[PDB]
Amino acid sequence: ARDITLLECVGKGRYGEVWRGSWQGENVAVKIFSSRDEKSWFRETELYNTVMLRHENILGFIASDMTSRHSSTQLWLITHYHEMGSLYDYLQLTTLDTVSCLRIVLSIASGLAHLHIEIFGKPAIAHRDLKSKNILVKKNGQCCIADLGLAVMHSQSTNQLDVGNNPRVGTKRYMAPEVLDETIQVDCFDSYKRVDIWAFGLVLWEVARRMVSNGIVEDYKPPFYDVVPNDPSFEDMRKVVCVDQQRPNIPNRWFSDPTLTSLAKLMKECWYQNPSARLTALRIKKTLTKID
């Protein structure tokens, strides 16, 4: 049974649109891509061809379609539906306790380590657009990573690097220093993993702000909210990250809580200007497994 009913639009933007739909009497998410982003549709389809990509902390794929009549093309991605929405949405209007905060960030680390580590199969995969809008919240309190349209793949056994053909760049707010100054080593797989680690540190910060300690919590803010304009440009971000050497500020109330003190240390080890100094996804996962 292949038919789908589109029920409500849950998101519209430059990307296209996402719909809540019904398939075999279950909710599914249906992304209809803008023609401006056709290369993301194709790349995401190449990524989801891999059966061993499937993981509790990666958005689950159902189908991909390109349809056309005459000069009109539609591009469809059908996935699992997570009615709690993105982590960005969720953090707006919920605070976290220690257990929920660590469950969320460990789940994202688990997904990211699963992407980064090759299975001998699933290639090693770097995401390149990790951010809180690209993470969905699940009813079990874990998250899953979404949007593989910019991903890079690498196979150690065959010495193959597949950077794809997509002139899309990452979300400007979350771009690492080497992306903003354009010195990133483009033929080095490890360079792309290190860009994900930078962005992961920013997502850690966004989440940890929302964890209560000693009756105090910060309001939700996106990374660099205090130092760049609304709707920051590439150059706006380059100014603060590369010229001003800014990193998100650690609220001093974190240092009274052992969990938030450990998390502050971890996010600082994602933010070194030297990409090779940054922690690996596996190391972040192991550290978060040990933190309580």
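Start at 1 with the first residue shown and count on from there. For the two forms, the rigid core is made up of the largest set of C-alpha atoms that agree within 1.5 Å on superposition.
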Judged by RMS Cα deviation after a rigid core fit in 6 other deposited structures of this protein, the more variable of 188-196 and 72-80 is 72-80
Of 281-289 and 1-9, the one with the larger RMS C-alpha deviation from the shown form in 6 other deposited structures of this protein, core-superposed, is 1-9
Legend entry - Other compared entries missing residue 178, a third or more: no
Entries skipping residue 86: at least a third of other ones: no
Of 48-56 vs 23-31, the stretch with the larger average CA B-factor in the entry is 23-31
Entry B factor averaged over C-alpha atoms, 203-211 against 149-157: higher for 149-157
Scanning 114, 193, 139, 131 for peak Cα temperature factor in the entry gives 139
From 177, 170, 164, 222, the top C-alpha temperature factor is at 164
The third of the chain into which the C-alpha temperature factor of residue 252 falls is the middle
Split the chain's modelled residues into thirds by Cα B-factor; residue 103 lands in the middle
Tertile call for residue 245 (CA temperature factor, within chain, third-based) is the highest
Chain-relative C-alpha B factor for residue 120 (record values, thirds): the highest
The third of the chain into which the C-alpha temperature factor of residue 217 falls is the middle
